[PDB]
>>> print(open('entry-v7.txt').read())   # compact mmCIF, C-alpha atoms and all ligand atoms
# COMPACT_ATOMS: atom_id res chain seq x y z
CA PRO A 386 91.33 112.79 97.77
CA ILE A 387 88.11 112.65 95.71
CA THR A 388 86.59 109.14 95.87
CA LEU A 389 85.01 108.02 92.60
CA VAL A 390 82.40 105.37 91.77
CA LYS A 391 85.08 103.15 90.22
CA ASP A 392 86.91 103.07 93.58
CA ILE A 393 83.94 101.57 95.51
CA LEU A 394 81.52 99.90 93.06
CA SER A 395 80.57 96.22 93.26
CA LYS A 396 81.37 94.16 90.15
CA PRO A 397 80.71 92.05 88.21
CA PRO A 398 77.13 93.29 88.09
CA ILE A 399 74.37 90.77 88.76
CA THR A 400 71.60 91.44 86.21
CA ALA A 401 68.57 89.72 84.70
CA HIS A 402 66.27 89.88 81.68
CA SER A 403 62.67 91.12 82.08
CA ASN A 404 61.11 87.75 81.19
CA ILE A 405 62.04 86.02 84.46
CA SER A 406 59.24 85.50 86.99
CA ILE A 407 58.85 87.48 90.22
CA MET A 408 59.76 84.31 92.16
CA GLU A 409 62.88 83.88 90.01
CA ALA A 410 63.91 87.49 90.69
CA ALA A 411 63.42 86.95 94.44
CA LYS A 412 65.62 83.83 94.21
CA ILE A 413 68.44 85.86 92.62
CA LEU A 414 68.28 88.46 95.42
CA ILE A 415 68.55 85.71 98.05
CA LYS A 416 71.26 83.71 96.23
CA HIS A 417 73.53 86.76 95.92
CA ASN A 418 72.63 88.50 99.17
CA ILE A 419 71.60 91.71 97.42
CA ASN A 420 68.59 94.04 97.26
CA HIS A 421 69.10 95.39 93.72
CA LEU A 422 68.63 93.74 90.35
CA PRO A 423 69.21 95.81 87.20
CA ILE A 424 67.05 94.50 84.33
CA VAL A 425 68.77 94.46 80.93
CA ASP A 426 67.77 93.72 77.34
CA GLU A 427 69.29 91.04 75.09
CA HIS A 428 72.21 93.38 74.30
CA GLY A 429 72.97 93.97 78.01
CA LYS A 430 71.55 97.51 77.98
CA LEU A 431 69.59 98.79 81.01
CA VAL A 432 65.78 98.72 80.69
CA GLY A 433 64.70 98.83 84.35
CA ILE A 434 65.45 97.97 87.98
CA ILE A 435 63.93 95.58 90.53
CA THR A 436 64.58 95.88 94.26
CA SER A 437 63.46 93.86 97.29
CA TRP A 438 60.90 96.63 97.91
CA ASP A 439 59.31 95.88 94.51
CA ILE A 440 59.09 92.17 95.41
CA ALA A 441 57.32 93.25 98.63
CA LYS A 442 55.03 95.51 96.54
CA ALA A 443 54.11 92.57 94.29
CA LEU A 444 52.88 90.66 97.35
CA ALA A 445 51.14 93.71 98.88
CA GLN A 446 49.28 94.65 95.69
CA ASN A 447 48.84 91.33 93.86
CA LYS A 448 51.23 92.24 91.02
CA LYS A 449 52.04 89.54 88.48
CA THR A 450 55.14 90.30 86.42
CA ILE A 451 58.61 91.86 86.52
CA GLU A 452 57.63 94.09 83.57
CA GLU A 453 54.67 95.36 85.59
CA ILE A 454 56.66 96.15 88.74
CA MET A 455 60.11 97.27 87.54
CA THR A 456 61.02 100.96 87.65
CA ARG A 457 61.78 102.04 84.08
CA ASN A 458 63.23 105.55 84.62
CA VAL A 459 66.47 104.33 86.24
CA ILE A 460 68.79 106.81 87.96
CA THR A 461 72.36 105.77 87.05
CA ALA A 462 76.01 106.60 87.74
CA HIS A 463 79.19 106.67 85.63
CA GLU A 464 82.45 105.09 86.85
CA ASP A 465 84.24 108.49 86.95
CA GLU A 466 81.48 110.13 88.99
CA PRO A 467 82.40 111.41 92.47
CA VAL A 468 80.76 109.21 95.11
CA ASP A 469 79.34 112.29 96.87
CA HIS A 470 77.45 113.31 93.68
CA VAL A 471 75.89 109.83 93.73
CA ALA A 472 74.94 110.11 97.42
CA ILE A 473 73.19 113.44 96.71
CA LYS A 474 71.39 111.84 93.75
CA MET A 475 70.14 108.89 95.81
CA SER A 476 68.91 111.26 98.53
CA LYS A 477 67.18 113.55 96.00
CA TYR A 478 65.25 110.66 94.41
CA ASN A 479 64.72 108.73 97.67
CA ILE A 480 66.37 105.60 96.23
CA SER A 481 68.88 103.14 97.67
CA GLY A 482 71.09 101.97 94.78
CA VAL A 483 72.22 103.11 91.34
CA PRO A 484 73.44 100.96 88.47
CA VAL A 485 76.79 102.05 87.03
CA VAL A 486 76.57 102.29 83.24
CA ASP A 487 78.79 103.13 80.26
CA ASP A 488 77.82 105.75 77.62
CA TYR A 489 75.61 103.16 75.84
CA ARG A 490 73.66 102.04 78.95
CA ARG A 491 75.52 98.74 79.49
CA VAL A 492 75.69 97.81 83.21
CA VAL A 493 79.24 97.63 84.57
CA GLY A 494 78.43 97.57 88.31
CA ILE A 495 76.26 99.02 91.06
CA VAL A 496 76.70 101.40 93.98
CA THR A 497 74.21 101.14 96.87
CA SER A 498 73.52 103.12 100.04
CA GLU A 499 75.32 100.32 101.94
CA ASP A 500 78.49 100.97 99.89
CA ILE A 501 78.34 104.71 100.65
CA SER A 502 77.49 104.11 104.31
CA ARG A 503 80.52 101.80 104.51
CA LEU A 504 82.67 104.55 103.01
CA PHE A 505 81.33 106.98 105.64
CA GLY A 506 82.35 104.59 108.45
CA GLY A 507 85.92 103.85 107.29
CA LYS A 508 86.67 107.51 106.72
CA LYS A 509 85.43 107.92 110.28
CA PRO B 386 81.47 118.20 115.17
CA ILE B 387 80.59 114.58 116.07
CA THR B 388 77.21 113.63 114.52
CA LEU B 389 75.11 111.37 116.75
CA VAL B 390 72.23 109.00 116.02
CA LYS B 391 69.76 111.42 117.64
CA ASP B 392 70.76 114.08 115.08
CA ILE B 393 69.77 111.95 112.03
CA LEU B 394 67.35 109.20 113.11
CA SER B 395 63.85 108.81 111.65
CA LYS B 396 61.00 108.99 114.17
CA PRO B 397 58.39 108.10 115.20
CA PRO B 398 59.38 104.50 114.58
CA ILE B 399 57.05 102.36 112.48
CA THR B 400 56.82 98.95 114.18
CA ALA B 401 54.60 95.87 114.20
CA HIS B 402 53.76 92.84 116.33
CA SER B 403 54.91 89.35 115.24
CA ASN B 404 51.36 88.05 114.68
CA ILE B 405 50.71 90.04 111.49
CA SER B 406 50.84 88.11 108.21
CA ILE B 407 53.68 88.36 105.67
CA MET B 408 51.26 90.15 103.30
CA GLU B 409 50.34 92.61 106.08
CA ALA B 410 54.04 93.32 106.73
CA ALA B 411 54.61 93.93 103.01
CA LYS B 412 51.66 96.36 103.02
CA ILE B 413 53.25 98.37 105.86
CA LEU B 414 56.55 98.65 103.95
CA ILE B 415 54.72 99.96 100.88
CA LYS B 416 52.38 102.31 102.80
CA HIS B 417 55.30 104.01 104.58
CA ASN B 418 57.89 103.80 101.80
CA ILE B 419 60.39 101.94 103.98
CA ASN B 420 62.43 98.73 103.86
CA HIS B 421 62.70 98.09 107.63
CA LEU B 422 60.11 96.94 110.12
CA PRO B 423 61.18 96.38 113.74
CA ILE B 424 58.99 93.71 115.38
CA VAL B 425 58.02 94.44 118.99
CA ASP B 426 56.21 92.61 121.79
CA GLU B 427 53.05 93.79 123.57
CA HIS B 428 55.19 96.07 125.80
CA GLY B 429 56.87 97.72 122.78
CA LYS B 430 60.18 95.91 123.34
CA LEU B 431 62.22 94.69 120.34
CA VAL B 432 61.89 90.98 119.48
CA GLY B 433 63.03 90.93 115.84
CA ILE B 434 63.30 92.73 112.51
CA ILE B 435 61.72 92.27 109.07
CA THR B 436 63.13 93.86 105.93
CA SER B 437 62.05 93.86 102.27
CA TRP B 438 64.76 91.24 101.70
CA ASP B 439 62.97 88.90 104.14
CA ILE B 440 59.69 89.40 102.24
CA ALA B 441 61.59 88.44 99.07
CA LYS B 442 63.04 85.40 100.92
CA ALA B 443 59.53 84.29 101.92
CA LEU B 444 58.56 84.19 98.24
CA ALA B 445 61.83 82.55 97.14
CA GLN B 446 61.72 79.79 99.76
CA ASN B 447 57.98 79.30 100.42
CA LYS B 448 58.12 80.70 103.97
CA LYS B 449 54.84 81.13 105.81
CA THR B 450 55.08 83.44 108.82
CA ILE B 451 56.75 86.58 110.17
CA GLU B 452 57.97 84.57 113.19
CA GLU B 453 59.64 82.12 110.81
CA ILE B 454 61.41 84.78 108.72
CA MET B 455 62.28 87.61 111.14
CA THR B 456 65.87 88.04 112.31
CA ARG B 457 65.89 87.66 116.09
CA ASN B 458 69.46 88.74 116.98
CA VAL B 459 68.91 92.42 116.12
CA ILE B 460 71.89 94.79 115.89
CA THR B 461 70.78 98.08 117.50
CA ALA B 462 71.93 101.65 118.16
CA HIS B 463 71.52 104.11 121.06
CA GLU B 464 70.51 107.75 120.47
CA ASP B 465 73.86 109.06 121.83
CA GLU B 466 75.91 106.76 119.59
CA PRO B 467 78.20 108.42 117.02
CA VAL B 468 76.80 107.84 113.51
CA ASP B 469 80.20 106.57 112.31
CA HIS B 470 80.15 103.77 114.96
CA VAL B 471 76.78 102.74 113.52
CA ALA B 472 78.10 102.80 109.93
CA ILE B 473 80.99 100.51 110.96
CA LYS B 474 78.50 98.20 112.71
CA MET B 475 76.24 97.93 109.66
CA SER B 476 79.26 97.19 107.44
CA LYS B 477 80.62 94.58 109.87
CA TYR B 478 77.31 92.67 109.97
CA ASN B 479 76.41 93.29 106.31
CA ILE B 480 73.06 94.87 107.27
CA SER B 481 71.25 97.96 106.03
CA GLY B 482 69.37 99.44 109.01
CA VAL B 483 69.50 99.45 112.81
CA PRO B 484 66.65 100.11 115.22
CA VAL B 485 67.42 102.78 117.82
CA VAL B 486 66.51 101.51 121.29
CA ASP B 487 66.53 102.72 124.90
CA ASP B 488 68.21 100.75 127.74
CA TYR B 489 65.12 98.50 128.03
CA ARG B 490 64.88 97.61 124.30
CA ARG B 491 61.97 99.96 123.46
CA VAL B 492 62.19 101.24 119.85
CA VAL B 493 62.58 105.01 119.60
CA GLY B 494 63.58 105.25 115.92
CA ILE B 495 65.69 103.75 113.15
CA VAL B 496 68.84 104.65 111.24
CA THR B 497 69.33 103.09 107.79
CA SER B 498 72.13 103.03 105.22
CA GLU B 499 70.10 105.62 103.26
CA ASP B 500 70.26 108.01 106.24
CA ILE B 501 74.04 107.60 106.51
CA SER B 502 74.51 107.85 102.74
CA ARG B 503 72.49 111.09 102.83
CA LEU B 504 74.77 112.39 105.58
CA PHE B 505 77.81 111.52 103.43
CA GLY B 506 76.40 113.54 100.51
CA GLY B 507 75.50 116.73 102.43
CA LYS B 508 78.86 116.83 104.16
CA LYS B 509 80.25 116.56 100.64
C1 LIG C 601 61.35 105.47 95.65
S1 LIG C 601 62.09 104.17 96.63
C2 LIG C 601 61.43 104.64 98.27
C3 LIG C 601 61.64 103.58 99.36
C4 LIG C 601 63.11 103.46 99.82
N1 LIG C 601 63.73 104.81 99.97
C5 LIG C 601 63.92 102.61 98.83
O1 LIG C 601 64.95 103.03 98.30
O2 LIG C 601 63.56 101.46 98.54
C6 LIG C 601 61.21 102.69 96.00
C7 LIG C 601 61.42 102.47 94.50
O3 LIG C 601 62.78 102.87 94.21
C8 LIG C 601 63.03 102.25 92.96
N2 LIG C 601 64.47 102.36 92.64
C9 LIG C 601 65.49 101.77 93.27
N3 LIG C 601 66.64 102.10 92.69
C10 LIG C 601 66.36 102.92 91.68
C11 LIG C 601 67.11 103.58 90.71
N4 LIG C 601 68.44 103.47 90.69
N5 LIG C 601 66.49 104.35 89.80
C12 LIG C 601 65.17 104.48 89.80
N6 LIG C 601 64.42 103.86 90.70
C13 LIG C 601 64.98 103.08 91.64
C14 LIG C 601 62.61 100.81 93.22
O4 LIG C 601 62.36 100.13 91.98
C15 LIG C 601 61.32 101.02 94.03
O5 LIG C 601 60.17 100.90 93.18
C1 LIG C 602 72.55 89.94 106.28
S1 LIG C 602 71.63 91.07 105.26
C2 LIG C 602 72.53 90.82 103.68
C3 LIG C 602 71.86 91.46 102.46
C4 LIG C 602 71.94 93.00 102.44
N1 LIG C 602 73.31 93.46 102.85
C5 LIG C 602 70.87 93.61 103.36
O1 LIG C 602 71.17 94.39 104.26
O2 LIG C 602 69.68 93.33 103.21
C6 LIG C 602 70.00 90.25 105.17
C7 LIG C 602 69.36 90.07 106.55
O3 LIG C 602 69.71 91.24 107.33
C8 LIG C 602 68.76 91.22 108.38
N2 LIG C 602 68.83 92.50 109.13
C9 LIG C 602 68.50 93.71 108.68
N3 LIG C 602 68.70 94.61 109.65
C10 LIG C 602 69.16 93.97 110.72
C11 LIG C 602 69.54 94.35 112.00
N4 LIG C 602 69.48 95.62 112.39
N5 LIG C 602 69.98 93.41 112.87
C12 LIG C 602 70.05 92.13 112.51
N6 LIG C 602 69.69 91.74 111.29
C13 LIG C 602 69.25 92.62 110.39
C14 LIG C 602 67.44 91.07 107.62
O4 LIG C 602 66.42 90.59 108.51
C15 LIG C 602 67.82 90.03 106.56
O5 LIG C 602 67.41 88.72 106.97
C1 LIG C 603 71.92 95.54 97.28
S1 LIG C 603 72.82 95.88 98.78
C2 LIG C 603 74.01 94.46 98.70
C3 LIG C 603 75.50 94.84 98.42
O1 LIG C 603 76.03 93.98 97.36
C4 LIG C 603 76.20 94.74 96.13
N1 LIG C 603 75.14 94.57 95.08
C5 LIG C 603 73.88 95.00 95.12
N2 LIG C 603 73.24 94.68 93.99
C6 LIG C 603 74.12 94.05 93.21
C7 LIG C 603 74.05 93.50 91.94
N3 LIG C 603 72.91 93.54 91.24
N4 LIG C 603 75.15 92.93 91.43
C8 LIG C 603 76.28 92.88 92.11
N5 LIG C 603 76.38 93.40 93.33
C9 LIG C 603 75.32 93.99 93.90
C10 LIG C 603 76.05 96.22 96.47
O2 LIG C 603 77.29 96.99 96.19
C11 LIG C 603 75.64 96.30 97.95
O3 LIG C 603 76.66 97.01 98.74
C1 LIG C 604 64.02 101.73 105.23
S1 LIG C 604 64.82 102.95 104.22
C2 LIG C 604 63.49 104.24 104.25
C3 LIG C 604 63.84 105.54 105.06
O1 LIG C 604 62.72 105.87 105.95
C4 LIG C 604 63.10 105.60 107.33
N1 LIG C 604 62.58 104.33 107.94
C5 LIG C 604 62.94 103.08 107.64
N2 LIG C 604 62.28 102.21 108.40
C6 LIG C 604 61.49 102.91 109.21
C7 LIG C 604 60.58 102.57 110.20
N3 LIG C 604 60.37 101.30 110.52
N4 LIG C 604 59.94 103.56 110.84
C8 LIG C 604 60.14 104.83 110.53
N5 LIG C 604 61.00 105.19 109.59
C9 LIG C 604 61.68 104.25 108.91
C10 LIG C 604 64.60 105.36 107.37
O2 LIG C 604 65.31 106.38 108.20
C11 LIG C 604 65.09 105.36 105.92
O3 LIG C 604 66.05 106.46 105.68
>>> encode(input="entry-v7.txt", output="structure tokens")
Amino acid sequence: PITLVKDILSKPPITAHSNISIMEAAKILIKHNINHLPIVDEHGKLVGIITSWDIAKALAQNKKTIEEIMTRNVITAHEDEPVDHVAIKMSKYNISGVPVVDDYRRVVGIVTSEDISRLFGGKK
Amino acid sequence: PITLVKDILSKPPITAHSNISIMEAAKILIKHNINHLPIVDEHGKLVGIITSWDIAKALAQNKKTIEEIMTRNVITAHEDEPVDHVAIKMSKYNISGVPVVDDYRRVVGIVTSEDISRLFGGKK
């Protein structure tokens, strides 16, 4: 069959607003055992993404805020997207996770390289 | 065919000793655009692993040293190991990368979930 994003995505999505501190973002990553944190506006629409790597960058380069360190051009997926299209996308942009969004940029889940790697292993 | 670790692994491995600071570890992750840092002893043998998530944990929980935060029971792979065995391993232990070691625990490379996800996408 063709596996789609909606078959493997993690939900509900864990998200945050851009006004939390870097320490607060780190705490969310640890609490939920995740490496990806989509940043959303007051209407729940995607404005950026924070990963563990960005938290490491903040330490390495003396960065101060989430707004300063978040990636604003976020590569995303749709729930009907074939998982292999997403894998190719992540490889092309050298990234490790993609928020799943609806047509109005609301976050409905996330697919990471760990989810796709898991799929690879259970297919065998 | 059967794809093996040696067909897809990243080398040379980027490693560090346990006596570097947390900031210094973060700097290595940023410099090399990676999320995994195998920690090795003076003979190059694996003693632990640091990831971006651990750097985030250090901030979240006021941790002080690499020795304090590194994971010591490291799940590893061999170069002749089928990539799908590795994917299953990473899923089982909920981890995102595995150092590739020889029979005497010397680090010869690393395979991450991004490498396996890439493999998934190019297979289509
Ligand atoms: C370009 S990657 C390279 C290092 C490694 N391959 C990784 O994925 O972390 C590092 C940057 O990817 C960004 N990133 C992660 N997921 C993203 C996404 N879905 N869209 C855009 N950027 C993303 C992070 O914010 C981080 O600044
Ligand atoms: C259990 S994972 C769960 C969160 C997420 N799945 C991830 O991979 O980061 C978090 C821990 O995995 C540990 N880890 C990463 N790679 C590892 C490996 N090859 N062997 C043992 N532990 C590893 C990291 O040191 C970190 O403390
Ligand atoms: C970030 S890697 C941790 C695993 O948990 C899930 N995950 C990652 N980030 C989030 C998030 N922001 N919200 C919910 N689940 C997530 C992903 O599907 C991944 O396989
Ligand atoms: C950590 S995810 C970044 C990518 O670069 C490679 N990489 C990760 N960690 C290391 C490392 N310690 N040394 C060399 N390459 C690495 C991995 O194969 C991965 O696909």
>>> atom_distance(input="entry-v7.txt", atom1="atom CA of residue A:421", atom2="atom CA of residue B:463")
28.8 Å
>>> interface_residues(input="entry-v7.txt", of="chain A", to="chain B", cutoff="8 Å", atoms="only C-alpha atoms", output="ChimeraX atom specification")
/A:408-409,411-412,414-415,420,437-438,440-442,444-446,469-473,475-476,480-481,498-499,501-503,505-507,509
>>> write_last_selection(input="entry-v7.txt", atoms="C-alpha atoms", output="compact mmCIF listing (two decimals), in the frame of the given file")
# COMPACT_ATOMS: atom_id res chain seq x y z
CA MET A 408 59.76 84.31 92.16
CA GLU A 409 62.88 83.88 90.01
CA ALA A 411 63.42 86.95 94.44
CA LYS A 412 65.62 83.83 94.21
CA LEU A 414 68.28 88.46 95.42
CA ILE A 415 68.55 85.71 98.05
CA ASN A 420 68.59 94.04 97.26
CA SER A 437 63.46 93.86 97.29
CA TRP A 438 60.90 96.63 97.91
CA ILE A 440 59.09 92.17 95.41
CA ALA A 441 57.32 93.25 98.63
CA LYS A 442 55.03 95.51 96.54
CA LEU A 444 52.88 90.66 97.35
CA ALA A 445 51.14 93.71 98.88
CA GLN A 446 49.28 94.65 95.69
CA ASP A 469 79.34 112.29 96.87
CA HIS A 470 77.45 113.31 93.68
CA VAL A 471 75.89 109.83 93.73
CA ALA A 472 74.94 110.11 97.42
CA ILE A 473 73.19 113.44 96.71
CA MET A 475 70.14 108.89 95.81
CA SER A 476 68.91 111.26 98.53
CA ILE A 480 66.37 105.60 96.23
CA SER A 481 68.88 103.14 97.67
CA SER A 498 73.52 103.12 100.04
CA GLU A 499 75.32 100.32 101.94
CA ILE A 501 78.34 104.71 100.65
CA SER A 502 77.49 104.11 104.31
CA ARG A 503 80.52 101.80 104.51
CA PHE A 505 81.33 106.98 105.64
CA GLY A 506 82.35 104.59 108.45
CA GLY A 507 85.92 103.85 107.29
CA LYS A 509 85.43 107.92 110.28
>>> atom_distance(input="entry-v7.txt", atom1="atom CA of residue B:493", atom2="atom CA of residue B:398")
6.0 Å
>>> closest_residue(input="entry-v7.txt", among="B:406, B:461, B:388, B:395", to="ligand LIG 604 (chain C)", atoms="only C-alpha atoms and all ligand atoms")
B:395
>>> closest_residue(input="entry-v7.txt", among="B:478, B:466, B:417, B:390", to="ligand LIG 601 (chain C)", atoms="all atoms listed in the file")
B:417
>>> atom_distance(input="entry-v7.txt", atom1="atom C11 of ligand LIG 603 (chain C)", atom2="atom CA of residue A:397")
11.8 Å
>>> residues_near_point(input="entry-v7.txt", point="(71.9, 97.2, 88.2)", cutoff="9 Å", atoms="all atoms listed in the file", output="list in words")
residues 398, 399, 400, 401, 421, 422, 423, 424, 425, 431, 433, 434, 435, 461, 482, 483, 484, 485, 486, 492, 493, 494, 495 and 496 of chain A
>>> calpha_fit_and_write(input="entry-v7.txt", fixed="chain A", moving="chain B", output="mmCIF file with C-alpha atoms, keeping the file's coordinate frame")
data_model
loop_
_atom_site.group_PDB
_atom_site.id
_atom_site.type_symbol
_atom_site.label_atom_id
_atom_site.label_comp_id
_atom_site.auth_asym_id
_atom_site.auth_seq_id
_atom_site.Cartn_x
_atom_site.Cartn_y
_atom_site.Cartn_z
ATOM 1 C CA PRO B 386 91.336 112.797 97.768
ATOM 2 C CA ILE B 387 88.108 112.659 95.706
ATOM 3 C CA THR B 388 86.597 109.135 95.873
ATOM 4 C CA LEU B 389 85.007 108.019 92.599
ATOM 5 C CA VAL B 390 82.405 105.373 91.779
ATOM 6 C CA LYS B 391 85.086 103.147 90.218
ATOM 7 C CA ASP B 392 86.913 103.073 93.578
ATOM 8 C CA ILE B 393 83.937 101.574 95.506
ATOM 9 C CA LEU B 394 81.526 99.904 93.060
ATOM 10 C CA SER B 395 80.572 96.219 93.260
ATOM 11 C CA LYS B 396 81.364 94.156 90.158
ATOM 12 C CA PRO B 397 80.705 92.056 88.203
ATOM 13 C CA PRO B 398 77.129 93.290 88.092
ATOM 14 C CA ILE B 399 74.366 90.770 88.752
ATOM 15 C CA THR B 400 71.602 91.442 86.205
ATOM 16 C CA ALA B 401 68.572 89.718 84.701
ATOM 17 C CA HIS B 402 66.272 89.876 81.683
ATOM 18 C CA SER B 403 62.669 91.121 82.079
ATOM 19 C CA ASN B 404 61.109 87.746 81.194
ATOM 20 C CA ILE B 405 62.040 86.012 84.463
ATOM 21 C CA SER B 406 59.236 85.495 86.987
ATOM 22 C CA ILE B 407 58.848 87.488 90.221
ATOM 23 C CA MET B 408 59.753 84.312 92.162
ATOM 24 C CA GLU B 409 62.881 83.873 90.006
ATOM 25 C CA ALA B 410 63.911 87.490 90.694
ATOM 26 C CA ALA B 411 63.420 86.952 94.436
ATOM 27 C CA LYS B 412 65.615 83.831 94.212
ATOM 28 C CA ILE B 413 68.440 85.861 92.621
ATOM 29 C CA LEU B 414 68.287 88.459 95.421
ATOM 30 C CA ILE B 415 68.552 85.718 98.048
ATOM 31 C CA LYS B 416 71.261 83.705 96.232
ATOM 32 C CA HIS B 417 73.535 86.757 95.921
ATOM 33 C CA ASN B 418 72.626 88.505 99.177
ATOM 34 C CA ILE B 419 71.602 91.716 97.415
ATOM 35 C CA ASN B 420 68.591 94.037 97.260
ATOM 36 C CA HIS B 421 69.104 95.394 93.712
ATOM 37 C CA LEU B 422 68.629 93.740 90.355
ATOM 38 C CA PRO B 423 69.208 95.810 87.202
ATOM 39 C CA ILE B 424 67.049 94.501 84.332
ATOM 40 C CA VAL B 425 68.768 94.457 80.934
ATOM 41 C CA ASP B 426 67.769 93.718 77.339
ATOM 42 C CA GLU B 427 69.284 91.033 75.094
ATOM 43 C CA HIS B 428 72.211 93.388 74.297
ATOM 44 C CA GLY B 429 72.967 93.967 78.006
ATOM 45 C CA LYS B 430 71.548 97.507 77.981
ATOM 46 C CA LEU B 431 69.587 98.799 81.003
ATOM 47 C CA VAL B 432 65.778 98.722 80.693
ATOM 48 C CA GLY B 433 64.706 98.833 84.352
ATOM 49 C CA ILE B 434 65.453 97.964 87.970
ATOM 50 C CA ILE B 435 63.931 95.585 90.532
ATOM 51 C CA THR B 436 64.583 95.882 94.256
ATOM 52 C CA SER B 437 63.457 93.862 97.291
ATOM 53 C CA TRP B 438 60.905 96.627 97.907
ATOM 54 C CA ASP B 439 59.314 95.874 94.510
ATOM 55 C CA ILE B 440 59.089 92.167 95.419
ATOM 56 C CA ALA B 441 57.320 93.246 98.626
ATOM 57 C CA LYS B 442 55.026 95.515 96.538
ATOM 58 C CA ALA B 443 54.110 92.575 94.286
ATOM 59 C CA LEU B 444 52.887 90.668 97.345
ATOM 60 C CA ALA B 445 51.139 93.700 98.876
ATOM 61 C CA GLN B 446 49.272 94.653 95.697
ATOM 62 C CA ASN B 447 48.837 91.323 93.857
ATOM 63 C CA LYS B 448 51.227 92.238 91.022
ATOM 64 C CA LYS B 449 52.038 89.550 88.483
ATOM 65 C CA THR B 450 55.141 90.299 86.419
ATOM 66 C CA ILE B 451 58.609 91.859 86.522
ATOM 67 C CA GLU B 452 57.634 94.094 83.571
ATOM 68 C CA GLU B 453 54.666 95.356 85.584
ATOM 69 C CA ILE B 454 56.665 96.144 88.740
ATOM 70 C CA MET B 455 60.118 97.269 87.543
ATOM 71 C CA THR B 456 61.029 100.957 87.646
ATOM 72 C CA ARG B 457 61.782 102.045 84.085
ATOM 73 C CA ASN B 458 63.230 105.556 84.614
ATOM 74 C CA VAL B 459 66.465 104.332 86.233
ATOM 75 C CA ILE B 460 68.788 106.814 87.963
ATOM 76 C CA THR B 461 72.355 105.773 87.048
ATOM 77 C CA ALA B 462 76.008 106.596 87.745
ATOM 78 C CA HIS B 463 79.193 106.676 85.630
ATOM 79 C CA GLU B 464 82.450 105.092 86.855
ATOM 80 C CA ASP B 465 84.247 108.490 86.951
ATOM 81 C CA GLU B 466 81.479 110.134 88.988
ATOM 82 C CA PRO B 467 82.405 111.415 92.468
ATOM 83 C CA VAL B 468 80.755 109.205 95.115
ATOM 84 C CA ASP B 469 79.336 112.287 96.876
ATOM 85 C CA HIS B 470 77.443 113.309 93.677
ATOM 86 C CA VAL B 471 75.889 109.834 93.724
ATOM 87 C CA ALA B 472 74.944 110.117 97.420
ATOM 88 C CA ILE B 473 73.188 113.444 96.711
ATOM 89 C CA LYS B 474 71.391 111.833 93.749
ATOM 90 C CA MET B 475 70.136 108.886 95.804
ATOM 91 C CA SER B 476 68.905 111.263 98.531
ATOM 92 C CA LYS B 477 67.190 113.548 96.000
ATOM 93 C CA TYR B 478 65.253 110.658 94.416
ATOM 94 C CA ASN B 479 64.726 108.732 97.673
ATOM 95 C CA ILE B 480 66.372 105.593 96.231
ATOM 96 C CA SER B 481 68.878 103.139 97.667
ATOM 97 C CA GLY B 482 71.088 101.962 94.780
ATOM 98 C CA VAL B 483 72.224 103.111 91.338
ATOM 99 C CA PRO B 484 73.442 100.958 88.466
ATOM 100 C CA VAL B 485 76.791 102.057 87.031
ATOM 101 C CA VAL B 486 76.563 102.286 83.239
ATOM 102 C CA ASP B 487 78.783 103.126 80.263
ATOM 103 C CA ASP B 488 77.813 105.746 77.624
ATOM 104 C CA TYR B 489 75.618 103.161 75.839
ATOM 105 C CA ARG B 490 73.657 102.037 78.947
ATOM 106 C CA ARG B 491 75.527 98.735 79.492
ATOM 107 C CA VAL B 492 75.693 97.808 83.211
ATOM 108 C CA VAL B 493 79.235 97.635 84.573
ATOM 109 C CA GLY B 494 78.422 97.565 88.306
ATOM 110 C CA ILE B 495 76.264 99.021 91.063
ATOM 111 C CA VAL B 496 76.696 101.398 93.986
ATOM 112 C CA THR B 497 74.211 101.132 96.871
ATOM 113 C CA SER B 498 73.516 103.118 100.037
ATOM 114 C CA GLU B 499 75.323 100.323 101.933
ATOM 115 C CA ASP B 500 78.490 100.978 99.894
ATOM 116 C CA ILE B 501 78.342 104.710 100.652
ATOM 117 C CA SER B 502 77.489 104.109 104.313
ATOM 118 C CA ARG B 503 80.520 101.795 104.509
ATOM 119 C CA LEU B 504 82.671 104.549 103.012
ATOM 120 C CA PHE B 505 81.338 106.980 105.645
ATOM 121 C CA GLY B 506 82.344 104.590 108.451
ATOM 122 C CA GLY B 507 85.916 103.845 107.286
ATOM 123 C CA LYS B 508 86.667 107.507 106.719
ATOM 124 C CA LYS B 509 85.431 107.917 110.283
#
>>> axis_aligned_box(input="entry-v7.txt", around="ligand LIG 603 (chain C)", padding_each_side="3 Å", output="JSON")
{"center_x": 74.6, "center_y": 94.9, "center_z": 95.0, "size_x": 11.4, "size_y": 10.1, "size_z": 13.5}
>>> decode(input="entry-v7.txt", residues="stretch 388-392 of chain B", atoms="N, CA and C atoms", output="PDB file, in the first residue's frame")
ATOM      1  N   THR B 388      20.710  -3.990   2.665  1.00  0.00           N
ATOM      2  CA  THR B 388      21.548  -2.822   2.961  1.00  0.00           C
ATOM      3  C   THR B 388      22.177  -2.981   4.339  1.00  0.00           C
ATOM      4  N   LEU B 389      23.484  -2.759   4.430  1.00  0.00           N
ATOM      5  CA  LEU B 389      24.186  -2.886   5.704  1.00  0.00           C
ATOM      6  C   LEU B 389      24.633  -1.530   6.213  1.00  0.00           C
ATOM      7  N   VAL B 390      24.956  -1.469   7.503  1.00  0.00           N
ATOM      8  CA  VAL B 390      25.428  -0.239   8.137  1.00  0.00           C
ATOM      9  C   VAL B 390      26.577   0.394   7.358  1.00  0.00           C
ATOM     10  N   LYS B 391      27.541  -0.429   6.945  1.00  0.00           N
ATOM     11  CA  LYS B 391      28.703   0.069   6.206  1.00  0.00           C
ATOM     12  C   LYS B 391      28.361   0.730   4.864  1.00  0.00           C
ATOM     13  N   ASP B 392      27.165   0.465   4.340  1.00  0.00           N
ATOM     14  CA  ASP B 392      26.722   1.096   3.096  1.00  0.00           C
ATOM     15  C   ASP B 392      26.214   2.529   3.307  1.00  0.00           C
TER      16      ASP B 392
END
